[PDB]
């Protein structure tokens, strides 16, 4: 058959997408028939997944940058505290570092 191969090729294309490959070219889009339509569909899935990974990435960088400011300001604030409040400053400093590790872990995961 000649329809056999296009279907097997698109199955492989889905496989690669599933695997996380969002760059691989979707073949057979320029067909007028139902095979061409299935390809175009797969290409819409892919384009959409690529877009969504791209906005996740930029979002991530955004929250990373946006969270540093206040978290840094709080550490700086503990460096202004009086001697009397040293005991509290070290408690706060410890919890800020904790917050940082929690965030940094979660970006590496998401």
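Positions refer to the first chain, counted from 1.
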**Q.** Between the two ranges 66-74 and 33-41, the one averaging a larger CA B factor in the entry
**A.** 33-41
**Q.** Mean Cα B-factor comparison, 91-99 or 7-15, giving the higher one as deposited
**A.** 7-15
Q. Of the three thirds of its chain by CA temperature factor, lowest, middle or highest, which one includes residue 60?
A. middle
Q | Chain thirds of CA B-factor: placement of residue 82 | A | lowest
